[PDB]
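Peer 1: sequence plus experimental coordinates follow:
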Amino acid sequence: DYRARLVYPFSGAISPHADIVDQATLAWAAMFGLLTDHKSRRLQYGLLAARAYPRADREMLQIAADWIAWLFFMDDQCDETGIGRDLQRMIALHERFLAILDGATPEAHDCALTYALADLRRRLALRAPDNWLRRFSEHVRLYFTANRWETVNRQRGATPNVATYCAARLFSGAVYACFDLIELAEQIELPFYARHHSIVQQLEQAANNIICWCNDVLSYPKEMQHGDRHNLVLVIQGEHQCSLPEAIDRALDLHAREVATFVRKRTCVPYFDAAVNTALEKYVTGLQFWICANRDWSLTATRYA
Ligand SMILES: C/C=C(\C)CC/C=C(\C)CCC=C(C)C
Ligand SMILES: [Mg+2]
Ligand SMILES: [Mg+2]
Ligand SMILES: [Mg+2]
């Protein structure tokens, strides 16, 4: 229990719609045939989304919850089945996803994950401009690239060094794609010059590292159980040749250090104008809601028990 070593100087919130949103995710999952088997009521994927996007209108929060569900269903295929150890099969599947992200219609014998991604594309297109769909699609593309990088590690029995793992981990988690949904949840449109400012990129990177490293500390047990080493704890242990307790200590020191980086750089956002800065503060608060949502959900979730 590492609760006491996962403290943030900011709190999160949860949408009042959390439980109805979760039930609507199980409907969507059944409807698209993503539920394998019998236990499904303990996935609670909607309760993650409810915390990550706590001021979203119910219809946007439902897209986010179905998107988070999609990522977990995809991720357990990558991390707990043979497709995550076969690059050729991953490439074949990612080519259908990327065709669907460009707006192509699923074919009759495209898999359930393909039909479901096309549903989420269609629904995001109803709520997002073309500029946003492009940014989101490109973040999702890099997630697929990170997933294929994991597959080659699995195929080779490789373990990357800390520097390589941390840099690839920023993409393997799809957190940048989940961050794009903050704009829709908060009904904001950041101008290109604010979106890409060095400090905003450093805050996004910081927040993504925190969410991934927090996840790594809480998920090393189940990842060890599937002989998987895409985890800061296991990668530190391999690099420093230290005890599991010492690797966990080092992982949590990196997590803590990253919280410090995020909190300090929050104070370094340039003043563009009242409007832009109000929209950026909503976005940066969004990153904080995600940081809290990841920890608060993961501590209570069957998935890490
Ligand atoms: C995936 C990024 C994390 C490791 C934890 C935060 C969870 C999500 C952003 C949605 C679920 C996505 C998975 C790839 C598990
Ligand atoms: Mg996983
Ligand atoms: Mg994974
Ligand atoms: Mg994990």
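Peer 2: Received it, and whenever you're ready, just let me know what you need. Numbering: from 1, shown residues only. Ligands and ions are numbered 1, 2, ... in the order given.

Peer 1: show me which residues of this protein are close to ligand 2?
Peer 2: When proximity is defined as Cβ under 5 Å from the ion, the chain approaches ligand 2 at 75, 79. (C-beta placed from N, C-alpha, C; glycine too.)

Peer 1: in the stretch 51-200 of the chain, which spans are helices?
Peer 2: For the stretch 51-200 of the chain, the helices defined by DSSP state H, counting those that start in this stretch occupy 58-80, 87-101, 112-127, 130-156, 162-172, 175-185, 192-195, 198-225.

Peer 1: and the residue nearest the centre of the chain, how close does it get to residue 169?
Peer 2: Centroid-nearest residue in the chain: residue 175, 3.4 Å away (criterion: Cα atoms, centre = their mean). When distance is defined by Cβ to Cβ, to the nearest Å, residue 175 is 9 Å away from residue 169.

Peer 1: between these two, what contacts are shared?
Peer 2: Shared between the contact lists of residue 175 and residue 169 (criterion: Cβ atoms under 8 Å, 6 or more residues apart in numbering) are residues residue 212.

Peer 1: list the contacts for the residue nearest to the centre of the chain?
Peer 2: Residues near residue 175 by Cβ under 8 Å, 6+ apart: 207, 208, 211, 212, 290.

Peer 1: which of these lies closest to ligand 4?
Peer 2: residue 212 (7.8 Å; Cβ to the ion).

Peer 1: the closest one touches residue 168, doesn't it?
Peer 2: No: using Cβ atoms under 8 Å, residue 212 is not in contact with residue 168; the gap is 10.2 Å.

Peer 1: overlap in contacts, these two.
Peer 2: Residues touching both residue 212 and residue 168 (Cβ under 8 Å, 6+ apart): none.

Peer 1: who has more neighbours, the two?
Peer 2: Applying other Cβ atoms under 10 Å to residue 212 and residue 168 shows that residue 212 carries more neighbours, namely 24 against 18.

Peer 1: distance of that one from residue 218?
Peer 2: Per Cβ to Cβ, residue 212 is found 11 Å from residue 218.

Peer 1: give the buried residues for stretch 15-32.
Peer 2: Neighbour counts over stretch 15-32 (16 or more other Cβ atoms under 10 Å) mark 15, 17, 18, 21, 22, 24, 25, 26, 28, 29, 32 as buried.

Peer 1: with stretch 78-85 instead?
Peer 2: Neighbour counts using 16+ other Cβ under 10 Å place 78, 79, 83, 84, 85 of stretch 78-85 among the buried residues.

Peer 1: what sits against the last one?
Peer 2: Residues touching residue 85, when contacts are defined by Cβ under 8 Å, 6+ apart, comprise 151, 154, 155.

Peer 1: now for the last one, how many residues are close by?
Peer 2: Just to be clear, that refers to residue 155. Neighbour count of residue 155, defined by other Cβ under 10 Å: 12.

Peer 1: that one and residue 89 touch, don't they?
Peer 2: No: in this structure, residue 155 is not within contact of residue 89 by Cβ under 8 Å, at 11.4 Å.

Peer 1: got JSON lines for the contacts of residue 85, with distance to ligand 1 too?
Peer 2: Shown next, in JSON lines, are the contacts of residue 85 (distance: Cβ to the nearest ligand atom, whole Å):
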{"residue": "151", "distance to ligand 1": "14"}
{"residue": "154", "distance to ligand 1": "16"}
{"residue": "155", "distance to ligand 1": "20"}
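
Peer 1: now, which of those sits nearest ligand 4?
Peer 2: The nearest member of the contacts of residue 85 to ligand 4, counting by Cβ to the ion, is residue 154 at 14.5 Å.

Peer 1: quick check: closest non-adjacent residue to the closest one.
Peer 2: Spatial nearest neighbour of residue 154, excluding adjacent residues (Cβ to Cβ, 6 or more residues apart in numbering): residue 85 at 4.7 Å.

Peer 1: kindly report the same for residue 207.
Peer 2: Residue 207 sits nearest to residue 287 (Cβ to Cβ, 6+ apart), 4.1 Å away.

Peer 1: tell me what the host helix or strand of the one you found is packed against?
Peer 2: In the assignment (DSSP states H and E), residue 287 maps to helix 274-300. Judged by 3 or more Cβ pairs under 8 Å, 6 or more residues apart in numbering; DSSP states H and E, helix 274-300 is in contact with helix 45-52, helix 175-185, helix 192-195, helix 198-225.

Peer 1: as a markdown table, these with distance to residue 136 would be great.
Peer 2: Converted to a markdown table, those look like this (distance: least, Cβ to Cβ, whole Å):
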| stretch | distance to residue 136 |
| --- | --- |
| helix 45-52 | 15 |
| helix 175-185 | 5 |
| helix 192-195 | 13 |
| helix 198-225 | 14 |
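
Peer 1: wait, doesn't residue 162 sit right on residue 234?
Peer 2: No: under the criterion of Cβ under 8 Å, residue 162 is not in contact with residue 234, lying 10.8 Å apart.
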